[PDB]
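Spelled out, the chains give:
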Amino acid sequence: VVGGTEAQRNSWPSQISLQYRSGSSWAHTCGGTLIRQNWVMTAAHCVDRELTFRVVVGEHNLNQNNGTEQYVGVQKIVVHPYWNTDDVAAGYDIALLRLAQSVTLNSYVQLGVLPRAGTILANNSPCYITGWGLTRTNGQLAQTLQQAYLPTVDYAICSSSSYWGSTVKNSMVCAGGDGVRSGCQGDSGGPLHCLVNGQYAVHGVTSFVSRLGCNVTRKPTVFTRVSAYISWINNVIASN
Ligand code: NA
């Protein structure tokens, strides 16, 4: 997250760190959202590689013991069947991961609340992106979980020529684009949390940014719109 601030450690308890095994160690690669005690929602493109993955819930500092972490292996990966990895702009950038164990809930570990199906945010709706991704274009991962305030940019504006044009689909949410704050590599898969009727819900799964850089004016971060996939998610969980 570029232009973020450190999150309080109990602010975003559905955020997870998706990590892969890197020699004797584990490395953060993507974010996600805990949606059942044994299921995580992330981006399809985060699980394109044939790696060994684990999820960490209750994580705040990637590089220090927080005393709140639970570490769980990934047992099954269900990627959206229309996902095509060399075509992120087509959408369907979403995957569900079934965890090997069910995690225990507490003030650091909670299920993410999803929007009702079909819900679309009014232009300029208040939202926060969270993650441990790069803090500058071509920079390094954050140590501690970051948040940035990224108001939505509606489809009509986001799909206009000076923004993303045809690349942005109505199955996506755009947020930010101020040139200062954004998602960045390592944030993919994580939540966009939007305050609606007094309650934060996870409206977006972080999908892509510009190749011109993370924080680029009129290239808002693009997320999979969770409310387009409510039936899909329920179908997968019911059938596994
Ligand atoms: Na930690």
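Residues numbered from 1 in each chain as written, not as in the entry; some residues may be left out. Heavy atoms only, no water.

In the PDB header, X-ray crystallography is given as the technique by which the entry was determined, and 1.553 Å as its resolution.

For the protein, the helix and strand inventory stands at 2 helices and 14 strands. Against the 2.2 N^0.38 benchmark of 18 Å for 240 residues, the protein shows a C-alpha radius of gyration of 16 Å, consistent with a compact globule. Overall size of the protein, expressed as C-alpha extent along the three principal axes, is 45 × 40 × 40 Å. The buried share among the 240 residues of the protein stands at 53%. The contacts in the protein between residues at least 6 apart in sequence include a share of 70% that link residues at least 24 apart. Surface accessibility of the protein: about 10,600 Å² in total, with carbon and sulfur atoms responsible for 44%. For the protein, the centre of its 15 positive side-chain charges and the centre of its 11 negative side-chain charges are spaced 3 Å apart. (Helix = DSSP H or I, 4+ residues; strand = E, 2+ residues; numbered from the N terminus. Rg over C-alpha atoms; globule rule 2.2 N^0.38 Å. Buried < 20%, exposed > 50% of the residue type's maximum accessible area, 1.4 Å probe, protein only. Contact = heavy atoms within 4.5 Å. Areas by Shrake-Rupley, 256 points an atom, 1.4 Å probe, with all protein chains shown as cover. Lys, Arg positive; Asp, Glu negative; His and termini not counted. Charge placed at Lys NZ, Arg CZ, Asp CG, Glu CD.)

This part is about the UniProt feature "active site" in the protein. Mapped onto this structure's residue numbering, the UniProt feature "active site" falls at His 45, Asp 93 and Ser 188. Despite a sequence span of 144 residues, these residues sit close together in the fold, their greatest C-alpha distance being 9.9 Å. Residues from the named set that contribute to the lining of the largest pocket are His 45 and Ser 188. With respect to the element layout, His 45 can be found in the loop between strand 4 (39-42) and strand 5 (53-57). The exposure class assigned to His 45 is partly exposed, which follows from its relative accessible area of 26%. Beyond its immediate stretch of four places on either side in the chain, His 45 contacts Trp 83, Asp 93, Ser 188, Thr 206 and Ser 207. Note that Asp 93 resides in the loop between strand 6 (70-79) and strand 7 (95-99). Here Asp 93 is in contact with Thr 42, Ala 43, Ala 44, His 45, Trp 83, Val 88, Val 205, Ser 207 and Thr 224, once residues within four sequence places are set aside. Here the side chain of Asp 93 touches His 45 through a polar contact of 2.7 Å, side chain to side chain. (UniProt positions renumbered as here; feature names shortened; annotations may be inferred. 1 Å grid on protein atoms, 1.4 Å probe; cavity = no way out; pocket = protein on both sides within 12 Å on 5 of 7 lines; lining within 4 Å. Polar contact = N/O pair within 3.5 Å; in protein donor to acceptor, adjacent residues only side chain to side chain.)

Here we take up the coordination of the sodium ion. Protein-derived coordination of the sodium ion comes from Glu 59 (OE), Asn 61 (O), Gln 64 (O), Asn 66 (OD1) and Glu 69 (OE), at a distance range of 2.3 to 2.4 Å. Spacing between the donor residues of the sodium ion along their common chain follows E-x1-N-x2-Q-x1-N-x2-E. Per residue, the accessibility class of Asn 61 equals that of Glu 69, and both read buried. (Donors = N, O, S within 2.8 Å, 3.2 Å for Na, K, Ca; no water.)

Among the 12 residues that make up strand 3 (residues 25-36), 9 are buried, leaving the element largely enclosed by the rest of the structure. Here strand 3 pairs with strand 4 via 3 bridges, running antiparallel. Across the sheet, the residue bridging to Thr 33 is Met 41, located in strand 4. A loop of 2 residues connects strand 3 with strand 4, the two strands running antiparallel in sequence. (Pairing = 2+ DSSP bridges.)

In this structure the tally under the stated criterion is 1 cavity of 30 Å³ or more. One number sums up the size of the largest cavity: a volume of about 100 Å³. If you trace the largest cavity, you find it lined by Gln 8, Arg 9, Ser 11, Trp 12, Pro 13, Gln 15, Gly 58, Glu 59, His 60, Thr 68, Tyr 108 and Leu 145. Broken down by class, the residue content of the lining of the largest cavity amounts to 4 nonpolar, 6 polar and 2 charged. (Points joined across faces, edges and corners; volume = space filled by probe spheres on them. Nonpolar A, V, L, I, M, F, W, Y, C, P; charged D, E, K, R; others polar.)

On to unusual backbone geometry, then. Positive phi, normally seen in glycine, also occurs at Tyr 92, with a value near 60 degrees. For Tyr 92, the location among the structural elements is in the loop between strand 6 and strand 7. Of note, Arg 218 is a non-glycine position whose phi angle comes to about 65 degrees, a positive value. Following the sequence through the fold, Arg 218 ends up in the loop between strand 13 (199-208) and strand 14 (221-225).

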